[PDB]
Amino acid sequence: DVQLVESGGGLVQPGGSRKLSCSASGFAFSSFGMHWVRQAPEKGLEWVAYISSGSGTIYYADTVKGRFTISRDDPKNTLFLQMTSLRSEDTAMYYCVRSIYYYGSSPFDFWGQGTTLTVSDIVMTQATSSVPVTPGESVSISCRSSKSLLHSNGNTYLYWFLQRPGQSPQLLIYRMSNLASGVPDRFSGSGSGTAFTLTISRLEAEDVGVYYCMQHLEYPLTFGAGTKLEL
Amino acid sequence: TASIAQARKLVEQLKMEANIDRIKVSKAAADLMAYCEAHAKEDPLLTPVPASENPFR
Amino acid sequence: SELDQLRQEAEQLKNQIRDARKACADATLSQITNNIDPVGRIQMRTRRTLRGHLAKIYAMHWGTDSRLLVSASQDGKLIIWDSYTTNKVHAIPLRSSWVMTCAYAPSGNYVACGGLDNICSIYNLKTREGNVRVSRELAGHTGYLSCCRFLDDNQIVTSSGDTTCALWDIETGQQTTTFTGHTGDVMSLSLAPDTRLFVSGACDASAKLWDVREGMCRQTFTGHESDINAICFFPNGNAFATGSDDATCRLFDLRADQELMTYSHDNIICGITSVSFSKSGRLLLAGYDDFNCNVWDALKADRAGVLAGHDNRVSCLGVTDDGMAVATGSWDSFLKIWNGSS
Amino acid sequence: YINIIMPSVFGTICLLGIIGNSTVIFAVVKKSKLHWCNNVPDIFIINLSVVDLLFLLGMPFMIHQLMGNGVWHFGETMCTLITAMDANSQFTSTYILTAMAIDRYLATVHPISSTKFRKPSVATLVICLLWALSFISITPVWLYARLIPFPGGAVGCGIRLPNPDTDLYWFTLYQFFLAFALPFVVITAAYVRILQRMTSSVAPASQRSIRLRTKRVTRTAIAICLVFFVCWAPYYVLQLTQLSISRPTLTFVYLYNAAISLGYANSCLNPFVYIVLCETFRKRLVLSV
Amino acid sequence: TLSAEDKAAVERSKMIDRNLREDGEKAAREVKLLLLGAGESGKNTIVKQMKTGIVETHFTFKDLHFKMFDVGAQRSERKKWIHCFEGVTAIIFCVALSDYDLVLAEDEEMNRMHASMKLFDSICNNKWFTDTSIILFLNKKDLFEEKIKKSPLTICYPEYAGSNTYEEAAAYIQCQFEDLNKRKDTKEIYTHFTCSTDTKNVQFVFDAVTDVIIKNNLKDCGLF
Amino acid sequence: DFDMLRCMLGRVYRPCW
């Protein structure tokens with residue numbers, strides 16, 4: 001089965017160096033582009049770095065460029081994140097994310113469990129931080145983007161992720177309308193231009209969590225603040 | 001006894017094909033002509049679409 | 001004695017069928033469509049050129065989205081193309097490089113191929129592992145696989161060089177129905193729009209209409225002088241066109257149970273590899289051994305255009321579900337996308 | 001008639017050679033289905049035509065000081081650049097022609113063992129290395145390419161050696177060895193080994209097909225070696241001759257300029273030798289027409 | 001102009017092009033051999049020494065990889081699939097020398113040798129094999145020598161008027177097959193006398209294929 | 001249309017010695 005396991009976290013001093021590893025199993029690792037996404041304590045999702053399949057294309061976040069280095073070992077199915085000159089701002093839970101890019105594909109479909117590291121631009125807006133919800137009641141979650149995510153090819157590059165408490169983020173909707181594999185049909189994605197909505201029909205207990213919207217129109221990849229649904 | 005068994009199967013098949021209902025060629029020709037007329041506007045190869053509507057510019 | 005009587009009865013039945021067809025042959029398709037305006041000259045430009053195959057391409061099939069297509073070549077590669085951007089989506093290595101046919105499932109989740117190994121291989125395109133893997137290998141044909149077409153994600157109909165056609169249940173890997181009656185190698189098949197009937201052309205210069213659920217031959221169509229290499233249903237499902245080695249294309253009507261029109265020219269002497277109608281059925285597109293593809297007027301039997309862009313035999317062609325473009329494969333290892341301009 | 005015959009010869013060679021070289025480049029690119037995929041002979045034949053095309057393109061710039069009034073009209077800055085550019089094209093084409101013969105030697109005498117390194121990636125690496133060796137070989141050319149003040153107000157591009165009494169020998173000899181002598185020895189040796197190893201012991205030499213194969217390949221091998229020699233031997237024979245010559249005469253000058261045109265004719269005849277003597281290319285070209 | 005996902009889809013496409021390019025280079029260095037011949041012509045003996053619808057055998061000999069395809073099980077129309085092998089390195093045709101005084105089991109009226117000659121003529125002169133060299137294996141030479149002592153060769157070839165010895169009867173049979181070559185300039189025929197215990201058959205194929213490889217290299221290099 | 005009696009070296013002139 002598809003499984004991403006991260007290791008190498010732990011307490012470090014400021015200005016130190018730490019190595020993060022991501023062990024891939026159950027899928028063709030060399031065919032997937034790999035991302036690093038961190039989540040600071042009591043904060044949202046922050047994309048860090050991306051290495052394409054074949055290591056031909058590499059992107060970094062502005063806050064980590066020049067300090068973090070991303071690399072992969074296809075024969076060993078391992079992803080690396082070489083971090084130097086660590087700051088207290090780098091204290092976050094780092095996630096290993098796989099994304100494959102072809103026509104009709106679903107990027108960001110699988111996320112790893114994540115490793116905790118402790119150190120001793122399109123704007124995505126989700127105005128409503130928390131929404132009180134009840135089981136069986138329809139819920140709508142709104143997302144906004146400073147730049148229009150609709151492209152000249154017809155694709156609107158907006159993604160919806162659900163992070164249940166104590167679990168990794170999971171893809172719900174990719175490209176603003178397509179339902180991810182294994183996600184119940186009660187999740188629907190609607191929107192146009194800069195305004196998007198995630199509608200949930202007959203909400204259940206498993207739908208409780210924080211919902212993030214991400215844009216994939218252009219790097220760097222930016223997330224929303226995250227709308228939390230609570231019982 | 002393969003030839004005798006095969007002969008019965010061939011004759012039986014021809015019986016089924018000979019008992020079908022056939023319409024006139026004029027009736028059949030008019031239906032093909034009518035279908036092409038009713039769908040001519042929605043045929044990009046027969047009637048080329050403007051370059052804005054062509055996904056293969 | 002008994003055998004002699006039976007073979008005489010078959011001749012009488014054939015005469016009865018022939019006389020019944022002449023009884024309903026009150027008019028001709030040319031006479032009926034004589035007063036309609038011609039389609040003029042059909043000019044198409046090569047919009048895309050699909051490079052990447054290193055050997056002769058034998059089959060192609062369009063997806064139902066009119067954007068993705070699969071091509072089979074002798075280099076042992078099954079390649080799925082993005083026709084809008086010429087991007088290669090997948091490259092499937094085949095265990096047998098002698099593939100003769102390929103199919104794209106209408107759901108888009110599967111592709112099929114087969115060749116001189118007598119195996120129809122089903123490939124899963126939607127996997128959690130991110131790759132394409134063999135889901136089934138259909139065995140039971142004693143001759144080469146010449147054509148195959150999905151009915152759904154679980155059923156596929158194949159034609160084989162052993163003079164038989166088979167309907168397969170992909171989940172169980174067993175052929176539920178076997179279609180027999182052809183005396184020559186079946187080279188092509190075409191599913192009806194409702195997928196309740198399919199027509200197949202064989203090397204006995206005959207085409208047979210088959211009932212998928214019933215499993216028996218309903219009508220037999222003759223008229224060609226040599227092997228039938230290609231066959232394709234009319235858009236409304238009441239007719240079909242055949243491509244034979246005698247350098248002719250013919251149109252048959254299911255309800256009339258006889259040939260309606262012949263598409264031949266004196267300058268054409270080479271065999272015909274592939275045939276396909278346009279979305280409205282007004283244009284019949286046929287591939288030839290002379291490296292060209294001819295666009296025929298289906299109602300008037302007039303050559304309306306030529307698609308001359310290949311340096312070797314045009315082995316296959318196909319038209320998208322929306323009629324927007326036509327893709328032609330060839331033994332020069334290139335695929336070309338064609339459409340007209342205003 | 002002298003003022004019009006000489007420009008016509010150079011003009012005819014330049015125009016005809018460009019037509020032949022552009023034909024080879026265009027046809028070879030079309031053949032590739034996937035680039036850099038088992039097309040080592042195609043890479044050599046297109047790079048040879050590219051260098052030959054550059055040599056003929058730069059011909060009018062270098063020869064305009066020989067026909068009209070013997071005056072260089074491009075200044076000292078272009079005199080150094082054009083002279084080096086023209087010399088580089090001659091050396092690069094000769095090196096690629098030499099490497100093509102070695103590649104043909106490997107493909108014929110070592111059919112099995114040479115598949116380990118007769119890759120399109122290696123062919124590109126070798127050709128890029130030949131460009132580097134051609135730049136190094138023309139180093140004395142551009143270090144001494146300065147304007148020469150002739151009697152009167154006219155000037156001309158040329159080579160002024162620091163010690164013209166003594167430096168005239170090593171400058172002439174090293175170009176004779178690197179651009180004519182060494183390549184001719186290698187090219188001739190490679191093809192005579194091809195003609196001695198173009199068949200096999202099992203091959204039925206008594207059959208017409210084997211005998212016809214030897215006849216055609218021998219004709220091609222001789223033509224390639226003869227075209228290179230005829231177009232460059234008189235140019236370098238007059239190069240060594242003028243070392244003793246102090247005051248040139250009219251006959252020597254007329255022969256020398258004709259030998260210069262023969263060197264340009266090598267870049268004109270090379271594309272046509274491939275077109276005429278290759279049945280596969282010639283038949284394919286006619287079909288495209 | 002491409003989006004972030006469009007650029008990464010193009011990068012994937014070029015990665016696919018890289019593997020397709022790599023596989024073609026590996027394929028071009030492999031020898032594809034088509035194995036033909038009539039029934040009981042020693043084809044199975046050739047496969048055993050050099051060890052569905054089509055049987056494919058792989059073996060490596062002196063750093064050269066061979067792919068031999070047997071199409072003896074294809075009981076369909078040959079002309080519908082014989083063009084699939086257009087471009088093979090060479091064709092190996094097996095003929096049984098001892099099957100000259102025998103007749104076909106099904107026909108009982110046509111000699112077995114005439115069937116092999118008719119099959120050889122249909123393959124050598126086929127339009128898809130105009131420039132394809134043929135490796136002609138004449139098998140069962142030990143049994144042919146025993147047969148020729150009793151049964152004269154004149155039964156198979158009435159026009160034959162030579163000595164009734166193996167050294168001459170075998171040569172006459174070899175010339176009959178090589179005379180069927182309607183294109184003696186665009187292709188060559190490599191004839192070898194194999195046997196049930198001969199251990200030099202794979203060496204002959206390697207030598208014959210090497211000559212074919214040289215000929216292809218000469219054509220590719222433009223010398224030919 | 002000039003005095004083409006200058007010494008030559010390659011495809012360019014040279015000062016006579």
# chains A, B, ... in the order shown; residues from 1 in each chain; ligands from 1
call {"tool": "residues_around", "arguments": {"residues": "residue A:56", "least_positions_apart": "2", "cutoff": "10 Å", "atoms": "only C-alpha atoms", "output": "ChimeraX atom specification"}}
result
/A:51-54,58 /E:8,11-12,15
call {"tool": "residues_around", "arguments": {"residues": "residue B:35", "least_positions_apart": "3", "cutoff": "9 Å", "atoms": "only C-alpha atoms", "output": "list in words"}}
result
residues 30, 31, 32, 38, 39 and 40 of chain B; 235, 236, 280, 281 and 282 of chain C
call {"tool": "residues_around", "arguments": {"residues": "residue C:232", "least_positions_apart": "2", "cutoff": "10 Å", "atoms": "only C-alpha atoms", "output": "JSON, numbers by chain"}}
result
{"C": [188, 189, 190, 191, 192, 198, 199, 200, 201, 230, 234, 235, 237, 239, 240, 241, 242, 243, 251, 274, 275, 276, 277, 284]}
call {"tool": "closest_atom_pairs", "arguments": {"of": "chain C", "to": "chain A", "cutoff": "9 Å", "atoms": "only C-alpha atoms", "output": "CSV"}}
result
residue,atom,partner,partner_atom,distance
C:68,CA,A:103,CA,8.9
C:82,CA,A:103,CA,7.3
C:87,CA,A:102,CA,8.5
C:88,CA,A:102,CA,8.5
C:89,CA,A:102,CA,6.0
C:90,CA,A:102,CA,8.8
C:128,CA,A:27,CA,6.8
C:129,CA,A:27,CA,3.7
C:130,CA,A:28,CA,5.9
C:131,CA,A:28,CA,6.5
call {"tool": "write_last_selection", "arguments": {"atoms": "N, CA, C and O atoms", "output": "PDB file, in the first residue's frame"}}
result
ATOM      1  N   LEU C  68      -7.672  12.339 -25.378  1.00  0.00           N
ATOM      2  CA  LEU C  68      -6.678  11.297 -25.173  1.00  0.00           C
ATOM      3  C   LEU C  68      -6.843  10.207 -26.224  1.00  0.00           C
ATOM      4  O   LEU C  68      -7.964   9.880 -26.625  1.00  0.00           O
ATOM      5  N   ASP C  82      -1.681  13.059 -25.243  1.00  0.00           N
ATOM      6  CA  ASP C  82      -2.549  14.218 -25.054  1.00  0.00           C
ATOM      7  C   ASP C  82      -2.537  14.969 -26.381  1.00  0.00           C
ATOM      8  O   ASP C  82      -1.563  15.645 -26.715  1.00  0.00           O
ATOM      9  N   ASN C  87       1.612  15.925 -25.503  1.00  0.00           N
ATOM     10  CA  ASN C  87       2.308  15.346 -24.364  1.00  0.00           C
ATOM     11  C   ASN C  87       2.008  13.859 -24.253  1.00  0.00           C
ATOM     12  O   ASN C  87       0.870  13.421 -24.447  1.00  0.00           O
ATOM     13  N   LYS C  88       3.039  13.080 -23.939  1.00  0.00           N
ATOM     14  CA  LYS C  88       2.866  11.655 -23.695  1.00  0.00           C
ATOM     15  C   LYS C  88       2.410  11.447 -22.257  1.00  0.00           C
ATOM     16  O   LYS C  88       3.129  11.793 -21.313  1.00  0.00           O
ATOM     17  N   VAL C  89       1.210  10.892 -22.088  1.00  0.00           N
ATOM     18  CA  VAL C  89       0.693  10.645 -20.748  1.00  0.00           C
ATOM     19  C   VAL C  89       1.308   9.383 -20.161  1.00  0.00           C
ATOM     20  O   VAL C  89       1.863   9.401 -19.056  1.00  0.00           O
ATOM     21  N   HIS C  90       1.225   8.269 -20.888  1.00  0.00           N
ATOM     22  CA  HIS C  90       1.803   7.006 -20.458  1.00  0.00           C
ATOM     23  C   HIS C  90       2.531   6.349 -21.620  1.00  0.00           C
ATOM     24  O   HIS C  90       2.198   6.567 -22.788  1.00  0.00           O
ATOM     25  N   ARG C 128      -3.262   3.264  -7.604  1.00  0.00           N
ATOM     26  CA  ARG C 128      -2.662   3.998  -6.497  1.00  0.00           C
ATOM     27  C   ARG C 128      -1.144   4.029  -6.580  1.00  0.00           C
ATOM     28  O   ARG C 128      -0.524   4.935  -6.013  1.00  0.00           O
ATOM     29  N   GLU C 129      -0.534   3.064  -7.266  1.00  0.00           N
ATOM     30  CA  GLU C 129       0.915   3.029  -7.402  1.00  0.00           C
ATOM     31  C   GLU C 129       1.441   4.063  -8.388  1.00  0.00           C
ATOM     32  O   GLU C 129       2.655   4.283  -8.438  1.00  0.00           O
ATOM     33  N   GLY C 130       0.567   4.693  -9.169  1.00  0.00           N
ATOM     34  CA  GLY C 130       0.976   5.715 -10.106  1.00  0.00           C
ATOM     35  C   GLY C 130       1.446   5.208 -11.448  1.00  0.00           C
ATOM     36  O   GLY C 130       1.762   6.024 -12.322  1.00  0.00           O
ATOM     37  N   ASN C 131       1.502   3.899 -11.646  1.00  0.00           N
ATOM     38  CA  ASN C 131       1.947   3.297 -12.892  1.00  0.00           C
ATOM     39  C   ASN C 131       0.763   2.659 -13.613  1.00  0.00           C
ATOM     40  O   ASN C 131      -0.389   2.749 -13.179  1.00  0.00           O
TER      41      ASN C 131
END
call {"tool": "residues_around", "arguments": {"residues": "stretch 10-16 of chain F", "least_positions_apart": "5", "cutoff": "7 Å", "atoms": "only C-alpha atoms", "output": "PDB file with C-alpha atoms, in the first residue's frame"}}
result
ATOM      1  CA  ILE D 148      48.957  44.955 -43.746  1.00  0.00           C
ATOM      2  CA  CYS D 157      43.797  41.595 -44.066  1.00  0.00           C
ATOM      3  CA  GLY D 158      46.707  39.262 -43.472  1.00  0.00           C
ATOM      4  CA  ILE D 159      49.113  37.588 -41.070  1.00  0.00           C
ATOM      5  CA  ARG D 160      52.058  39.515 -39.599  1.00  0.00           C
ATOM      6  CA  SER D 246      60.340  35.858 -52.346  1.00  0.00           C
ATOM      7  CA  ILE D 260      42.005  28.784 -52.824  1.00  0.00           C
TER       8      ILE D 260
END
call {"tool": "residues_around", "arguments": {"residues": "residue D:13", "least_positions_apart": "4", "cutoff": "7 Å", "atoms": "only C-alpha atoms", "output": "PDB file with C-alpha atoms, in the first residue's frame"}}
result
ATOM      1  CA  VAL D   9      34.036  30.762 -60.006  1.00  0.00           C
ATOM      2  CA  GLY D  17      27.568  24.434 -52.292  1.00  0.00           C
ATOM      3  CA  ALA D 265      35.049  23.451 -53.634  1.00  0.00           C
ATOM      4  CA  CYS D 268      30.780  22.135 -52.190  1.00  0.00           C
TER       5      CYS D 268
END
call {"tool": "atom_distance", "arguments": {"atom1": "atom CA of residue D:101", "atom2": "atom CA of residue D:224"}}
result
9.5 Å
call {"tool": "residues_around", "arguments": {"residues": "residue E:120", "least_positions_apart": "5", "cutoff": "10 Å", "atoms": "only C-alpha atoms", "output": "PDB file with C-alpha atoms, in the first residue's frame"}}
result
ATOM      1  CA  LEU E  36      10.497 -20.352 -41.209  1.00  0.00           C
ATOM      2  CA  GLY E  37      10.280 -23.671 -43.028  1.00  0.00           C
ATOM      3  CA  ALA E  38       7.881 -26.520 -43.704  1.00  0.00           C
ATOM      4  CA  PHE E  93      14.732 -21.061 -43.514  1.00  0.00           C
ATOM      5  CA  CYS E  94      14.986 -24.761 -42.660  1.00  0.00           C
ATOM      6  CA  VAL E  95      14.884 -27.430 -45.376  1.00  0.00           C
ATOM      7  CA  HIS E 114       8.791 -29.000 -53.963  1.00  0.00           C
ATOM      8  CA  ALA E 115       6.692 -27.708 -51.061  1.00  0.00           C
ATOM      9  CA  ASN E 125      10.449 -13.002 -53.387  1.00  0.00           C
ATOM     10  CA  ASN E 126       7.889 -11.554 -50.960  1.00  0.00           C
ATOM     11  CA  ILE E 134      17.988 -15.411 -45.821  1.00  0.00           C
ATOM     12  CA  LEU E 136      19.250 -21.307 -45.542  1.00  0.00           C
ATOM     13  CA  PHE E 177      16.949 -22.986 -53.710  1.00  0.00           C
ATOM     14  CA  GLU E 178      19.438 -20.223 -54.535  1.00  0.00           C
ATOM     15  CA  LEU E 180      14.689 -19.237 -56.704  1.00  0.00           C
ATOM     16  CA  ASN E 181      16.120 -15.872 -55.587  1.00  0.00           C
TER      17      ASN E 181
END
call {"tool": "interface_residues", "arguments": {"of": "chain C", "to": "chain E", "cutoff": "7 Å", "atoms": "only C-alpha atoms", "output": "PDB file with N, CA and C atoms, in the first residue's frame"}}
result
ATOM      1  N   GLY C  52       7.508   9.734 -31.331  1.00  0.00           N
ATOM      2  CA  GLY C  52       7.885   8.944 -30.176  1.00  0.00           C
ATOM      3  C   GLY C  52       7.872   7.452 -30.435  1.00  0.00           C
ATOM      4  N   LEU C  54       9.032   4.338 -32.543  1.00  0.00           N
ATOM      5  CA  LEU C  54      10.223   4.038 -33.327  1.00  0.00           C
ATOM      6  C   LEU C  54      10.007   2.898 -34.313  1.00  0.00           C
ATOM      7  N   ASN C  87       1.612  15.925 -25.503  1.00  0.00           N
ATOM      8  CA  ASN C  87       2.308  15.346 -24.364  1.00  0.00           C
ATOM      9  C   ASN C  87       2.008  13.859 -24.253  1.00  0.00           C
ATOM     10  N   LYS C  88       3.039  13.080 -23.939  1.00  0.00           N
ATOM     11  CA  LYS C  88       2.866  11.655 -23.695  1.00  0.00           C
ATOM     12  C   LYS C  88       2.410  11.447 -22.257  1.00  0.00           C
ATOM     13  N   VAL C  89       1.210  10.892 -22.088  1.00  0.00           N
ATOM     14  CA  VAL C  89       0.693  10.645 -20.748  1.00  0.00           C
ATOM     15  C   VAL C  89       1.308   9.383 -20.161  1.00  0.00           C
ATOM     16  N   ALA C  91       3.533   5.540 -21.286  1.00  0.00           N
ATOM     17  CA  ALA C  91       4.210   4.673 -22.244  1.00  0.00           C
ATOM     18  C   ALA C  91       4.231   3.273 -21.650  1.00  0.00           C
ATOM     19  N   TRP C  98       4.413  -7.617 -31.126  1.00  0.00           N
ATOM     20  CA  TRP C  98       3.700  -7.877 -32.369  1.00  0.00           C
ATOM     21  C   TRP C  98       2.239  -7.460 -32.301  1.00  0.00           C
ATOM     22  N   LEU C 116       0.092 -11.001 -32.407  1.00  0.00           N
ATOM     23  CA  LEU C 116       0.406 -12.364 -32.817  1.00  0.00           C
ATOM     24  C   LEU C 116       0.552 -13.329 -31.649  1.00  0.00           C
ATOM     25  N   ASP C 117       0.362 -12.878 -30.412  1.00  0.00           N
ATOM     26  CA  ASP C 117       0.412 -13.756 -29.251  1.00  0.00           C
ATOM     27  C   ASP C 117      -0.943 -14.362 -28.908  1.00  0.00           C
ATOM     28  N   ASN C 118      -2.000 -13.986 -29.632  1.00  0.00           N
ATOM     29  CA  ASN C 118      -3.360 -14.477 -29.402  1.00  0.00           C
ATOM     30  C   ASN C 118      -3.868 -14.112 -28.009  1.00  0.00           C
ATOM     31  N   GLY C 143      -5.886 -17.818 -32.913  1.00  0.00           N
ATOM     32  CA  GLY C 143      -5.265 -17.023 -33.946  1.00  0.00           C
ATOM     33  C   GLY C 143      -4.928 -15.639 -33.421  1.00  0.00           C
ATOM     34  N   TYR C 144      -4.260 -14.861 -34.269  1.00  0.00           N
ATOM     35  CA  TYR C 144      -3.828 -13.528 -33.874  1.00  0.00           C
ATOM     36  C   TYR C 144      -5.030 -12.634 -33.590  1.00  0.00           C
ATOM     37  N   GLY C 161      -7.825 -14.056 -35.807  1.00  0.00           N
ATOM     38  CA  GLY C 161      -7.511 -14.707 -37.061  1.00  0.00           C
ATOM     39  C   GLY C 161      -7.954 -16.148 -37.161  1.00  0.00           C
ATOM     40  N   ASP C 162      -8.512 -16.712 -36.090  1.00  0.00           N
ATOM     41  CA  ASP C 162      -9.046 -18.066 -36.103  1.00  0.00           C
ATOM     42  C   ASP C 162     -10.499 -18.118 -36.565  1.00  0.00           C
ATOM     43  N   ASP C 185     -10.235 -15.315 -41.815  1.00  0.00           N
ATOM     44  CA  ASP C 185      -9.719 -14.605 -40.652  1.00  0.00           C
ATOM     45  C   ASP C 185     -10.445 -13.279 -40.472  1.00  0.00           C
TER      46      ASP C 185
END
call {"tool": "residues_around", "arguments": {"residues": "stretch 10-20 of chain B", "least_positions_apart": "3", "cutoff": "6 Å", "atoms": "only C-alpha atoms", "output": "list in words"}}
result
residues 7 of chain B; 10, 17 and 219 of chain C
call {"tool": "interface_residues", "arguments": {"of": "chain D", "to": "chain E", "cutoff": "7 Å", "atoms": "only C-alpha atoms", "output": "VMD selection string"}}
result
chain D and resid 34 37 to 38 41 104 107 to 108 111 to 112 198 to 200 202 to 204 208 to 209 216 to 217 220 274 278 to 279
call {"tool": "atom_distance", "arguments": {"atom1": "atom CA of residue A:34", "atom2": "atom CA of residue A:72"}}
result
8.5 Å
call {"tool": "decode", "arguments": {"residues": "stretch 78-128 of chain A", "atoms": "C-alpha atoms", "output": "compact mmCIF listing (two decimals), in the first residue's frame"}}
result
# COMPACT_ATOMS: atom_id res chain seq x y z
CA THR A 78 13.94 8.07 -0.22
CA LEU A 79 13.28 11.82 -0.15
CA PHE A 80 15.61 14.20 1.67
CA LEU A 81 15.41 17.73 3.07
CA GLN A 82 18.83 19.10 4.05
CA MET A 83 18.20 22.00 6.44
CA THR A 84 20.93 24.38 7.60
CA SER A 85 20.96 27.57 9.70
CA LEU A 86 17.72 26.58 11.40
CA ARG A 87 15.67 29.36 13.00
CA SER A 88 12.91 29.27 15.60
CA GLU A 89 10.55 30.00 12.70
CA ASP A 90 11.36 26.52 11.36
CA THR A 91 9.65 24.73 14.28
CA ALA A 92 6.94 22.85 12.40
CA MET A 93 5.60 19.41 11.50
CA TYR A 94 7.10 18.58 8.10
CA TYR A 95 5.05 16.44 5.71
CA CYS A 96 6.18 14.33 2.76
CA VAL A 97 3.70 14.80 -0.10
CA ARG A 98 3.63 12.99 -3.44
CA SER A 99 2.19 14.58 -6.58
CA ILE A 100 2.18 13.23 -10.14
CA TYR A 101 1.63 15.60 -13.06
CA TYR A 102 -0.10 14.48 -16.23
CA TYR A 103 -3.42 15.28 -17.89
CA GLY A 104 -6.27 14.29 -15.60
CA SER A 105 -3.99 13.42 -12.67
CA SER A 106 -4.62 14.28 -9.01
CA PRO A 107 -1.62 16.00 -7.39
CA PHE A 108 -1.17 16.10 -3.61
CA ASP A 109 -3.21 12.90 -3.36
CA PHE A 110 -1.16 11.30 -0.56
CA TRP A 111 0.49 12.80 2.51
CA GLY A 112 2.90 11.25 4.98
CA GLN A 113 2.48 11.09 8.74
CA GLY A 114 5.09 13.79 9.26
CA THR A 115 8.07 14.35 11.54
CA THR A 116 8.29 17.05 14.22
CA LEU A 117 11.27 19.42 14.16
CA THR A 118 11.76 21.74 17.14
CA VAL A 119 14.24 24.64 17.16
CA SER A 120 15.16 26.10 20.55
CA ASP A 121 2.82 35.34 -4.11
CA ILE A 122 -0.87 34.52 -4.47
CA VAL A 123 -2.71 35.12 -1.20
CA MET A 124 -5.35 32.56 -0.23
CA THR A 125 -7.95 33.88 2.23
CA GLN A 126 -10.42 31.91 4.36
CA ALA A 127 -12.24 34.58 6.37
CA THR A 128 -14.25 32.17 8.54
